[PDB]
Amino acid sequence: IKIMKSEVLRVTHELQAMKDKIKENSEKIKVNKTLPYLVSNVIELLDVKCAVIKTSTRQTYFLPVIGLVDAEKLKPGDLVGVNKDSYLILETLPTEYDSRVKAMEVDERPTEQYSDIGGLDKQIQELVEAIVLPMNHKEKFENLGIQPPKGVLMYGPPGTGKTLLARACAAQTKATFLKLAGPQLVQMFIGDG
Amino acid sequence: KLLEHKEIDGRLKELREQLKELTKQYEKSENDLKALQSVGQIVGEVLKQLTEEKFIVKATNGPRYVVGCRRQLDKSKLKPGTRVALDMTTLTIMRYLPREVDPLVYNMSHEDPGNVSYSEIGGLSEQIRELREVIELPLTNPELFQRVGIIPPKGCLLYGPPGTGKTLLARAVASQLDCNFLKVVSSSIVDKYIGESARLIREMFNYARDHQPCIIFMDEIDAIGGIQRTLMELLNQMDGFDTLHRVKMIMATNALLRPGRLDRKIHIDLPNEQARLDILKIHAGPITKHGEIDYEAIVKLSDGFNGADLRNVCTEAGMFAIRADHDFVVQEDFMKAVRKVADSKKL
Amino acid sequence: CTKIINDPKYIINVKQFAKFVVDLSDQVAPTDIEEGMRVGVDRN
Ligand SMILES: Nc1ncnc2c1ncn2[C@@H]1O[C@H](COP(=O)(O)OP(=O)(O)OP(=O)(O)O)[C@@H](O)[C@H]1O
Ligand SMILES: Nc1ncnc2c1ncn2[C@@H]1O[C@H](COP(=O)(O)OP(=O)(O)O)[C@@H](O)[C@H]1O
Ligand SMILES: [Mg+2]
């Protein structure tokens with residue numbers, strides 16, 4: 001019967017003291033998290049809990065402590081907003097895609113049936129069986145235990161129908177086509193490509 | 001009244017555990033608050049040792065600074081080339097860091113201490129016997145080699161048809177040791193005249209020596225840089241001088257044949273049909289098949305004379321099986337695949 | 001503003017200088033700023 005009064009009083013007192021002290025600590029952390037958040041990437045994670053961060057200013061700093069996030073929920077390559085000057089990680093950032101990458105996605109879905117391609121029946125069959133057939137089947141390809149090839153290189157003289165076949169494949173597939181060009185992935189800034 | 005006290009104890013224990021979890025969360029908050037005061041440290045490479053207490057460090061994308069160590073750091077760990085973390089204000093070396101894996105080195109530094117049986121590479125018993133006779137004796141017991149006097153067994157040559165299993169030959173020998181097993185095919189050792197050297201001739205022998213024995217295994221040197229005297233000089237350089245930790249060269253391609261320049265040369269025999277059956281067996285293993293299958297007349301009709309031909313016909317029989325729900329490939333299907341490929345290869 | 005974050009946060013690309021996570025000043029409203037458009041930011 002003593003445990004009622006003694007324990008309830010003590011535990012509620014510790015609850016309230018710890019609660020307002022947690023609110024104080026959280027307020028201090030929030031006010032200390034200066035918003036600018038210089039964006040940086042974790043190039044590697046190493047044990048002492050410590051990280052090597054390459055900032056968007058093209059310079060890499062070692063961090064004696066991780067910061068305000070958890071080291072377990074991190075890996076190489078993640079986007080983290082570090083402090084402008086302290087360079088300490090303040091929060092993790094969701095996967096960010098450049099405007100060029102988003103524009104790279106096919107949204108108009110050009111309409112080109114395979115009937116518009118003449119003289120390439122074997123080539124169309126190879127492309128559809130290497131790029132589309134392993135896509136919407138998958139599990140049965142594993143059932144036969146046969147490895148579907150990872151990539152296809154369409155090569156030949158100009159005007160043979162390479163880009164035409166690619167456009168037709170984008171037309172007659174439900175996959176999210178991601179078109180691009182070689183010169184697109186060439187930029188002034190180091191590491192931009 | 002006992003049940004009332006028991007529900008009381010249940011609630012009070014819940015409150016105690018809640019306080020414990022709150023205490024853990026408060027400790028994490030205090031830990032991150034303490035972590036807040038920490039500041040980053042610039043990353044650089046120690047280029048040179050000026051004195052005991054003076055160092056030369058190059059910031060990754062900064063200038064070169066003359067700096068000194070902190071104090072309680074083992075100065076021997078700071079060789080030229082090591083990665084260190086300078087303080088951001090006094091620029092003193094604070095701690096050392098592992099190197100960061102470099103680009104170029106992806107097939108030059110990867111280790112494969114695997115166990116690939118000679119059954120996987122089928123139909124080449126004589127070649128694997130010869131490879132063992134060449135590599136095992138120097139690696140196993142060099143004491144007899146230094147006793148007789150002849151130190152260097154380097155050289156070797158496996159000319160034959162292209163892509164018939166040259167890599168598997170050095171992979172078959174991987175049954176005993178041969179961990180690093182680098183593949184630097186037609187590149188990064190000569191580059192026409194000299195272009196790749198030292199940093200592209202010596203790191204082979206360094207990363208082999210700092211680990212278990214391996215095979216630089218340069219490949220298809222008929223396409224290096226795409227000059228002869230340069231190759232003559234490169235093979236006659238100090239490569240055979242040190243011969244670190246019994247690492248051999250397993251060149252594969254098509255007075256260069258004397259000792260010290262090229263050791264025993266073996267012609268990879270054209271895949272015999274009686275060996276074609278073994279190749280087709282060990283390639284057609286993983287693909288899901290049926291009981292009535294039989295690999296006897298295929299090699300009779302399949303005279304494509306290439307191992308990759310066998311791999312591709314194994315894949316192409318399955319590719320035929322993709323049409324219709326066939327989870328297994330029938331003998332007629334293999335026959336169709338070979339009568340397709342062995343004739344398509346002619347074009 | 002390369003990416004919008006939802007107090008909303010905004011990731012900005014200062015050409016070659018750097019990438020920052022910033023917020024709008026009180027002068028502009030969140031509706032005006034859209035993803036991918038170029039905006040002016042103070043130097044501090
Ligand atoms: N086999 C074909 N059947 C029908 N139309 C074809 C065929 N080959 C080319 N064309 C047409 O001719 C033009 C050739 O352009 P296409 O984009 O196909 O070129 P390509 O093969 O990708 O080569 P390049 O990259 O050199 O321009 C297109 O307008 C296409 O419609
Ligand atoms: N006799 C064989 N047994 C099994 N696989 C073989 C055989 N011959 C060739 N291969 C296949 O060929 C590939 C290796 O080709 P390789 O001979 O290394 O070409 P290259 O000599 O041009 O490097 C391997 O993936 C292997 O599956
Ligand atoms: Mg084109």
# chains A, B, ... in the order shown; residues from 1 in each chain; ligands from 1
>>> interface_residues(of="chain A", to="chain C", cutoff="12 Å", atoms="only C-alpha atoms", output="MDAnalysis selection string")
chainID A and resid 33:41 54:59 79:84 90:103 187:192
>>> closest_atom_pairs(of="chain B", to="chain A", cutoff="8 Å", atoms="only C-alpha atoms", output="JSON lines")
{"residue": "B:5", "atom": "CA", "partner": "A:1", "partner_atom": "CA", "distance": 7.6}
{"residue": "B:8", "atom": "CA", "partner": "A:4", "partner_atom": "CA", "distance": 7.5}
{"residue": "B:12", "atom": "CA", "partner": "A:8", "partner_atom": "CA", "distance": 7.1}
{"residue": "B:15", "atom": "CA", "partner": "A:11", "partner_atom": "CA", "distance": 7.1}
{"residue": "B:16", "atom": "CA", "partner": "A:11", "partner_atom": "CA", "distance": 7.1}
{"residue": "B:19", "atom": "CA", "partner": "A:15", "partner_atom": "CA", "distance": 6.6}
{"residue": "B:22", "atom": "CA", "partner": "A:18", "partner_atom": "CA", "distance": 7.6}
{"residue": "B:23", "atom": "CA", "partner": "A:18", "partner_atom": "CA", "distance": 7.8}
{"residue": "B:26", "atom": "CA", "partner": "A:22", "partner_atom": "CA", "distance": 6.5}
{"residue": "B:29", "atom": "CA", "partner": "A:25", "partner_atom": "CA", "distance": 7.0}
{"residue": "B:30", "atom": "CA", "partner": "A:25", "partner_atom": "CA", "distance": 7.8}
{"residue": "B:32", "atom": "CA", "partner": "A:68", "partner_atom": "CA", "distance": 5.6}
{"residue": "B:33", "atom": "CA", "partner": "A:29", "partner_atom": "CA", "distance": 7.1}
{"residue": "B:35", "atom": "CA", "partner": "A:67", "partner_atom": "CA", "distance": 5.9}
{"residue": "B:36", "atom": "CA", "partner": "A:67", "partner_atom": "CA", "distance": 6.3}
{"residue": "B:38", "atom": "CA", "partner": "A:65", "partner_atom": "CA", "distance": 6.7}
{"residue": "B:39", "atom": "CA", "partner": "A:86", "partner_atom": "CA", "distance": 4.8}
{"residue": "B:40", "atom": "CA", "partner": "A:63", "partner_atom": "CA", "distance": 4.8}
{"residue": "B:41", "atom": "CA", "partner": "A:62", "partner_atom": "CA", "distance": 5.0}
{"residue": "B:42", "atom": "CA", "partner": "A:61", "partner_atom": "CA", "distance": 4.5}
{"residue": "B:43", "atom": "CA", "partner": "A:61", "partner_atom": "CA", "distance": 5.5}
{"residue": "B:60", "atom": "CA", "partner": "A:59", "partner_atom": "CA", "distance": 6.8}
{"residue": "B:61", "atom": "CA", "partner": "A:59", "partner_atom": "CA", "distance": 5.7}
{"residue": "B:62", "atom": "CA", "partner": "A:59", "partner_atom": "CA", "distance": 7.9}
{"residue": "B:85", "atom": "CA", "partner": "A:62", "partner_atom": "CA", "distance": 6.4}
{"residue": "B:286", "atom": "CA", "partner": "A:145", "partner_atom": "CA", "distance": 6.2}
{"residue": "B:287", "atom": "CA", "partner": "A:145", "partner_atom": "CA", "distance": 5.2}
{"residue": "B:288", "atom": "CA", "partner": "A:144", "partner_atom": "CA", "distance": 5.0}
{"residue": "B:315", "atom": "CA", "partner": "A:146", "partner_atom": "CA", "distance": 6.8}
{"residue": "B:318", "atom": "CA", "partner": "A:146", "partner_atom": "CA", "distance": 6.9}
{"residue": "B:322", "atom": "CA", "partner": "A:141", "partner_atom": "CA", "distance": 7.9}
{"residue": "B:327", "atom": "CA", "partner": "A:144", "partner_atom": "CA", "distance": 5.6}
{"residue": "B:328", "atom": "CA", "partner": "A:144", "partner_atom": "CA", "distance": 7.0}
>>> write_last_selection(atoms="N, CA and C atoms", output="CSV table (one decimal), in the first residue's frame")
chain,number,residue,atom,x,y,z
B,5,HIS,N,-4.3,-4.4,-5.7
B,5,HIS,CA,-2.9,-4.1,-5.6
B,5,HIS,C,-2.1,-4.7,-6.8
B,8,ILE,N,-2.6,-2.4,-9.6
B,8,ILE,CA,-1.7,-1.3,-9.2
B,8,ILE,C,-0.3,-1.5,-9.6
B,12,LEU,N,2.0,0.6,-12.2
B,12,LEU,CA,3.2,1.3,-11.7
B,12,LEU,C,4.5,0.8,-12.4
B,15,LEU,N,4.6,2.6,-15.6
B,15,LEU,CA,5.1,3.9,-15.5
B,15,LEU,C,6.6,3.9,-15.3
B,16,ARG,N,7.2,2.9,-14.6
B,16,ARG,CA,8.6,2.7,-14.4
B,16,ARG,C,9.3,2.5,-15.7
B,19,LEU,N,9.4,5.6,-17.7
B,19,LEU,CA,10.4,6.5,-17.3
B,19,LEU,C,11.8,6.0,-17.8
B,22,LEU,N,12.1,7.0,-21.4
B,22,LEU,CA,12.3,8.5,-21.4
B,22,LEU,C,13.7,8.8,-21.0
B,23,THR,N,14.3,8.1,-20.1
B,23,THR,CA,15.7,8.4,-19.7
B,23,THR,C,16.6,8.0,-20.8
B,26,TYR,N,16.3,10.8,-23.3
B,26,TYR,CA,17.0,12.0,-22.7
B,26,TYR,C,18.5,11.8,-22.9
B,29,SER,N,19.4,12.6,-26.4
B,29,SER,CA,19.3,14.0,-26.6
B,29,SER,C,20.6,14.7,-26.1
B,30,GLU,N,21.0,14.3,-24.9
B,30,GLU,CA,22.2,14.9,-24.3
B,30,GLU,C,23.4,14.5,-25.2
B,32,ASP,N,23.5,14.0,-28.4
B,32,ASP,CA,23.5,14.8,-29.7
B,32,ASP,C,23.8,16.2,-29.4
B,33,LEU,N,23.4,16.7,-28.2
B,33,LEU,CA,23.7,18.1,-27.8
B,33,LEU,C,25.2,18.2,-27.6
B,35,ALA,N,27.4,16.3,-29.1
B,35,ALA,CA,27.9,16.1,-30.4
B,35,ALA,C,27.8,17.4,-31.2
B,36,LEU,N,26.9,18.3,-30.8
B,36,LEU,CA,26.7,19.5,-31.6
B,36,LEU,C,28.0,20.4,-31.6
B,38,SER,N,31.0,19.6,-31.7
B,38,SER,CA,32.0,19.1,-32.6
B,38,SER,C,32.0,19.7,-33.9
B,39,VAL,N,33.2,20.0,-34.5
B,39,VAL,CA,33.4,20.6,-35.7
B,39,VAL,C,34.1,19.7,-36.7
B,40,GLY,N,33.9,19.8,-38.0
B,40,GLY,CA,34.5,19.0,-39.0
B,40,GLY,C,36.0,19.2,-39.1
B,41,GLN,N,36.7,18.3,-39.7
B,41,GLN,CA,38.1,18.3,-39.9
B,41,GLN,C,38.5,18.1,-41.3
B,42,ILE,N,39.3,18.9,-41.9
B,42,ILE,CA,39.7,18.8,-43.3
B,42,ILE,C,40.4,17.5,-43.5
B,43,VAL,N,40.3,16.9,-44.7
B,43,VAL,CA,40.9,15.7,-45.1
B,43,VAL,C,42.0,16.0,-46.1
B,60,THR,N,42.3,18.0,-50.0
B,60,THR,CA,41.8,17.3,-51.2
B,60,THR,C,41.5,18.3,-52.3
B,61,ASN,N,40.7,19.4,-51.9
B,61,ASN,CA,40.5,20.5,-52.9
B,61,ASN,C,40.9,21.8,-52.3
B,62,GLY,N,42.1,21.7,-51.6
B,62,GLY,CA,42.7,22.9,-51.1
B,62,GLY,C,44.1,23.0,-51.5
B,85,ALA,N,43.3,13.8,-41.0
B,85,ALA,CA,42.2,14.7,-40.8
B,85,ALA,C,42.8,15.9,-40.0
B,286,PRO,N,22.7,-25.5,-65.0
B,286,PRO,CA,21.8,-24.6,-64.2
B,286,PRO,C,20.4,-24.5,-64.9
B,287,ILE,N,20.4,-24.5,-66.2
B,287,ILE,CA,19.1,-24.3,-66.9
B,287,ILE,C,18.2,-25.5,-66.6
B,288,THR,N,16.9,-25.2,-66.2
B,288,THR,CA,16.0,-26.2,-65.8
B,288,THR,C,15.6,-27.1,-67.0
B,315,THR,N,22.0,-20.9,-73.6
B,315,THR,CA,21.1,-19.8,-73.3
B,315,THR,C,20.0,-19.7,-74.4
B,318,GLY,N,17.0,-22.2,-73.9
B,318,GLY,CA,16.1,-21.5,-73.0
B,318,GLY,C,15.3,-20.4,-73.6
B,322,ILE,N,11.3,-19.8,-73.8
B,322,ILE,CA,10.5,-18.6,-73.3
B,322,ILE,C,9.2,-18.6,-74.1
B,327,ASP,N,8.9,-24.9,-69.0
B,327,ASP,CA,9.9,-24.7,-67.9
B,327,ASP,C,11.1,-25.6,-68.1
B,328,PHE,N,11.1,-26.4,-69.1
B,328,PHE,CA,12.2,-27.4,-69.4
B,328,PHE,C,12.4,-27.4,-70.9
>>> select_by_dssp(residues="region 25-90 of chain B", states="strand (DSSP E or B)", output="ChimeraX atom specification")
/B:41-49,55-59,64-67,69,83-86
>>> residues_near_ligand(ligand="ligand 1", cutoff="7 Å", atoms="only C-alpha atoms and all ligand atoms", output="list in words")
residues 116, 117, 118, 119, 120, 157, 158, 159, 160, 161, 162, 163, 164 and 165 of chain A
>>> residues_near_ligand(ligand="ligand 2", cutoff="9 Å", atoms="only C-alpha atoms and all ligand atoms", output="MDAnalysis selection string")
chainID B and resid 119:124 160:169 185 219:220 252:253 271 275:276 278:280 282:283 306:312
>>> write_last_selection(atoms="N, CA and C atoms", output="JSON list (two decimals), in the first residue's frame")
[["chain", "number", "residue", "atom", "x", "y", "z"],
["B", 119, "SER", "N", 36.02, -29.38, -62.94],
["B", 119, "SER", "CA", 34.83, -29.90, -63.62],
["B", 119, "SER", "C", 34.03, -28.79, -64.28],
["B", 120, "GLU", "N", 34.04, -27.59, -63.69],
["B", 120, "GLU", "CA", 33.31, -26.47, -64.28],
["B", 120, "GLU", "C", 33.85, -26.13, -65.66],
["B", 121, "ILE", "N", 35.17, -26.11, -65.81],
["B", 121, "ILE", "CA", 35.82, -25.85, -67.09],
["B", 121, "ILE", "C", 36.14, -27.22, -67.67],
["B", 122, "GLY", "N", 35.18, -27.77, -68.42],
["B", 122, "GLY", "CA", 35.27, -29.15, -68.86],
["B", 122, "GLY", "C", 35.95, -29.32, -70.21],
["B", 123, "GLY", "N", 36.60, -30.47, -70.37],
["B", 123, "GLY", "CA", 37.22, -30.81, -71.63],
["B", 123, "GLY", "C", 38.63, -30.30, -71.82],
["B", 124, "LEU", "N", 39.30, -29.88, -70.75],
["B", 124, "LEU", "CA", 40.67, -29.38, -70.84],
["B", 124, "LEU", "C", 41.54, -29.98, -69.74],
["B", 160, "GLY", "N", 45.64, -19.78, -78.72],
["B", 160, "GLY", "CA", 44.63, -20.68, -79.23],
["B", 160, "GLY", "C", 43.45, -19.91, -79.79],
["B", 161, "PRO", "N", 42.31, -20.59, -79.96],
["B", 161, "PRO", "CA", 41.12, -19.90, -80.44],
["B", 161, "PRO", "C", 40.64, -18.89, -79.41],
["B", 162, "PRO", "N", 40.00, -17.81, -79.86],
["B", 162, "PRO", "CA", 39.59, -16.76, -78.91],
["B", 162, "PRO", "C", 38.38, -17.18, -78.09],
["B", 163, "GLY", "N", 38.42, -16.86, -76.80],
["B", 163, "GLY", "CA", 37.27, -17.07, -75.93],
["B", 163, "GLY", "C", 36.86, -18.52, -75.77],
["B", 164, "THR", "N", 37.82, -19.44, -75.74],
["B", 164, "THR", "CA", 37.52, -20.86, -75.59],
["B", 164, "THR", "C", 37.65, -21.35, -74.16],
["B", 165, "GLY", "N", 37.89, -20.46, -73.20],
["B", 165, "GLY", "CA", 38.04, -20.86, -71.82],
["B", 165, "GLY", "C", 39.39, -20.50, -71.24],
["B", 166, "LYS", "N", 40.02, -19.46, -71.80],
["B", 166, "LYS", "CA", 41.33, -19.05, -71.31],
["B", 166, "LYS", "C", 41.27, -18.57, -69.87],
["B", 167, "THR", "N", 40.24, -17.78, -69.53],
["B", 167, "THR", "CA", 40.12, -17.27, -68.17],
["B", 167, "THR", "C", 39.82, -18.38, -67.18],
["B", 168, "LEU", "N", 38.99, -19.35, -67.58],
["B", 168, "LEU", "CA", 38.67, -20.46, -66.69],
["B", 168, "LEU", "C", 39.90, -21.31, -66.40],
["B", 169, "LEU", "N", 40.87, -21.31, -67.32],
["B", 169, "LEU", "CA", 42.10, -22.06, -67.09],
["B", 169, "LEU", "C", 42.85, -21.53, -65.88],
["B", 185, "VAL", "N", 43.39, -7.12, -68.85],
["B", 185, "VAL", "CA", 43.41, -7.44, -70.28],
["B", 185, "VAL", "C", 43.74, -6.24, -71.17],
["B", 219, "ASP", "N", 46.04, -10.22, -70.12],
["B", 219, "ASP", "CA", 45.37, -11.09, -71.12],
["B", 219, "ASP", "C", 45.45, -10.47, -72.52],
["B", 220, "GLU", "N", 45.18, -11.28, -73.55],
["B", 220, "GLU", "CA", 45.17, -10.79, -74.96],
["B", 220, "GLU", "C", 46.12, -9.60, -75.12],
["B", 252, "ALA", "N", 46.97, -14.83, -72.27],
["B", 252, "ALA", "CA", 46.13, -15.62, -73.19],
["B", 252, "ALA", "C", 45.90, -14.81, -74.46],
["B", 253, "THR", "N", 46.17, -15.37, -75.64],
["B", 253, "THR", "CA", 45.89, -14.65, -76.90],
["B", 253, "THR", "C", 46.13, -15.55, -78.09],
["B", 271, "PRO", "N", 38.12, -27.31, -79.30],
["B", 271, "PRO", "CA", 37.24, -28.17, -78.48],
["B", 271, "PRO", "C", 36.83, -29.45, -79.18],
["B", 275, "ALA", "N", 35.03, -33.67, -75.92],
["B", 275, "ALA", "CA", 35.09, -32.62, -74.90],
["B", 275, "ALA", "C", 33.92, -31.65, -75.03],
["B", 276, "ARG", "N", 33.39, -31.49, -76.25],
["B", 276, "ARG", "CA", 32.20, -30.67, -76.44],
["B", 276, "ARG", "C", 31.04, -31.19, -75.61],
["B", 278, "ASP", "N", 31.24, -32.67, -72.65],
["B", 278, "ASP", "CA", 31.45, -32.21, -71.28],
["B", 278, "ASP", "C", 31.15, -30.72, -71.14],
["B", 279, "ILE", "N", 31.57, -29.91, -72.12],
["B", 279, "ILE", "CA", 31.29, -28.48, -72.06],
["B", 279, "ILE", "C", 29.78, -28.23, -72.07],
["B", 280, "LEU", "N", 29.07, -28.92, -72.95],
["B", 280, "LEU", "CA", 27.63, -28.73, -73.04],
["B", 280, "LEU", "C", 26.95, -29.19, -71.75],
["B", 282, "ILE", "N", 28.32, -29.10, -68.64],
["B", 282, "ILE", "CA", 28.58, -28.23, -67.49],
["B", 282, "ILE", "C", 28.03, -26.83, -67.75],
["B", 283, "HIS", "N", 27.66, -26.54, -69.00],
["B", 283, "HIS", "CA", 27.00, -25.27, -69.28],
["B", 283, "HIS", "C", 25.49, -25.39, -69.19],
["B", 306, "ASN", "N", 33.74, -23.41, -80.37],
["B", 306, "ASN", "CA", 33.96, -22.34, -79.41],
["B", 306, "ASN", "C", 33.17, -22.61, -78.14],
["B", 307, "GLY", "N", 33.78, -22.37, -76.98],
["B", 307, "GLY", "CA", 33.08, -22.59, -75.72],
["B", 307, "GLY", "C", 31.94, -21.61, -75.50],
["B", 308, "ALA", "N", 32.17, -20.34, -75.84],
["B", 308, "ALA", "CA", 31.10, -19.36, -75.75],
["B", 308, "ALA", "C", 29.95, -19.72, -76.68],
["B", 309, "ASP", "N", 30.24, -20.44, -77.76],
["B", 309, "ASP", "CA", 29.17, -20.99, -78.59],
["B", 309, "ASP", "C", 28.31, -21.94, -77.77],
["B", 310, "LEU", "N", 28.93, -22.80, -76.97],
["B", 310, "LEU", "CA", 28.17, -23.70, -76.11],
["B", 310, "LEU", "C", 27.37, -22.94, -75.06],
["B", 311, "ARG", "N", 27.96, -21.93, -74.44],
["B", 311, "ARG", "CA", 27.21, -21.14, -73.46],
["B", 311, "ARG", "C", 26.02, -20.46, -74.12],
["B", 312, "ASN", "N", 26.23, -19.88, -75.30],
["B", 312, "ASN", "CA", 25.16, -19.17, -75.99],
["B", 312, "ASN", "C", 24.09, -20.11, -76.50]]
>>> atom_distance(atom1="CA of residue 174 (chain B)", atom2="CA of residue 285 (chain B)")
21.3 Å
>>> residues_around(residues="region 66-83 of chain B", least_positions_apart="4", cutoff="7 Å", atoms="only C-alpha atoms", output="ChimeraX atom specification")
/B:43-48,53-57,91-94,96-99
>>> write_last_selection(atoms="C-alpha atoms", output="mmCIF file, in the first residue's frame")
data_model
loop_
_atom_site.group_PDB
_atom_site.id
_atom_site.type_symbol
_atom_site.label_atom_id
_atom_site.label_comp_id
_atom_site.auth_asym_id
_atom_site.auth_seq_id
_atom_site.Cartn_x
_atom_site.Cartn_y
_atom_site.Cartn_z
ATOM 1 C CA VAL B 43 40.866 15.664 -45.105
ATOM 2 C CA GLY B 44 44.304 15.590 -46.703
ATOM 3 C CA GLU B 45 47.216 13.397 -47.720
ATOM 4 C CA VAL B 46 50.631 13.575 -46.067
ATOM 5 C CA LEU B 47 52.844 14.195 -49.093
ATOM 6 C CA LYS B 48 56.206 14.343 -47.316
ATOM 7 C CA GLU B 53 57.158 17.503 -35.839
ATOM 8 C CA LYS B 54 56.616 19.014 -39.314
ATOM 9 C CA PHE B 55 54.484 17.504 -42.068
ATOM 10 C CA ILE B 56 53.452 18.381 -45.611
ATOM 11 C CA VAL B 57 49.746 17.792 -46.260
ATOM 12 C CA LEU B 91 45.545 22.708 -39.374
ATOM 13 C CA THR B 92 47.385 20.209 -37.149
ATOM 14 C CA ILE B 93 47.106 16.529 -38.033
ATOM 15 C CA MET B 94 44.516 15.076 -35.657
ATOM 16 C CA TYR B 96 44.732 9.110 -39.675
ATOM 17 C CA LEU B 97 42.181 7.499 -41.972
ATOM 18 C CA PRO B 98 42.064 4.368 -44.210
ATOM 19 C CA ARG B 99 42.635 5.192 -47.864
#
>>> residues_around(residues="region 169-186 of chain A", least_positions_apart="5", cutoff="7 Å", atoms="only C-alpha atoms", output="PDB file with N, CA, C and O atoms, in the first residue's frame")
ATOM      1  N   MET A 104      14.247  14.117 -68.217  1.00  0.00           N
ATOM      2  CA  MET A 104      14.668  12.947 -68.978  1.00  0.00           C
ATOM      3  C   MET A 104      13.576  11.890 -69.071  1.00  0.00           C
ATOM      4  O   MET A 104      13.599  11.073 -69.997  1.00  0.00           O
ATOM      5  N   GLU A 105      12.629  11.882 -68.140  1.00  0.00           N
ATOM      6  CA  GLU A 105      11.577  10.876 -68.153  1.00  0.00           C
ATOM      7  C   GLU A 105      10.593  11.139 -69.286  1.00  0.00           C
ATOM      8  O   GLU A 105      10.301  12.287 -69.627  1.00  0.00           O
ATOM      9  N   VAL A 106      10.080  10.060 -69.868  1.00  0.00           N
ATOM     10  CA  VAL A 106       9.124  10.144 -70.965  1.00  0.00           C
ATOM     11  C   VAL A 106       7.735  10.360 -70.382  1.00  0.00           C
ATOM     12  O   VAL A 106       7.218   9.506 -69.654  1.00  0.00           O
ATOM     13  N   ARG A 109       4.875   9.947 -74.147  1.00  0.00           N
ATOM     14  CA  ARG A 109       4.668   8.587 -74.635  1.00  0.00           C
ATOM     15  C   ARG A 109       4.439   8.590 -76.142  1.00  0.00           C
ATOM     16  O   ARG A 109       3.292   8.492 -76.598  1.00  0.00           O
ATOM     17  N   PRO A 110       5.494   8.743 -76.942  1.00  0.00           N
ATOM     18  CA  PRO A 110       5.316   8.785 -78.398  1.00  0.00           C
ATOM     19  C   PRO A 110       4.660   7.513 -78.907  1.00  0.00           C
ATOM     20  O   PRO A 110       4.884   6.421 -78.383  1.00  0.00           O
ATOM     21  N   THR A 111       3.830   7.665 -79.933  1.00  0.00           N
ATOM     22  CA  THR A 111       3.043   6.570 -80.485  1.00  0.00           C
ATOM     23  C   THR A 111       3.707   6.049 -81.752  1.00  0.00           C
ATOM     24  O   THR A 111       3.603   6.669 -82.816  1.00  0.00           O
ATOM     25  N   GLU A 112       4.385   4.904 -81.636  1.00  0.00           N
ATOM     26  CA  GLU A 112       5.010   4.263 -82.792  1.00  0.00           C
ATOM     27  C   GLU A 112       4.844   2.753 -82.624  1.00  0.00           C
ATOM     28  O   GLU A 112       5.555   2.138 -81.826  1.00  0.00           O
ATOM     29  N   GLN A 113       3.915   2.176 -83.377  1.00  0.00           N
ATOM     30  CA  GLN A 113       3.734   0.733 -83.350  1.00  0.00           C
ATOM     31  C   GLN A 113       4.904   0.043 -84.039  1.00  0.00           C
ATOM     32  O   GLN A 113       5.653   0.654 -84.805  1.00  0.00           O
ATOM     33  N   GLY A 193      28.680  15.277 -64.438  1.00  0.00           N
ATOM     34  CA  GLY A 193      28.198  14.206 -65.296  1.00  0.00           C
ATOM     35  C   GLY A 193      27.970  12.909 -64.542  1.00  0.00           C
ATOM     36  O   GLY A 193      26.966  12.220 -64.758  1.00  0.00           O
TER      37      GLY A 193
END
>>> atom_distance(atom1="CA of residue 266 (chain B)", atom2="CA of residue 153 (chain B)")
15.4 Å
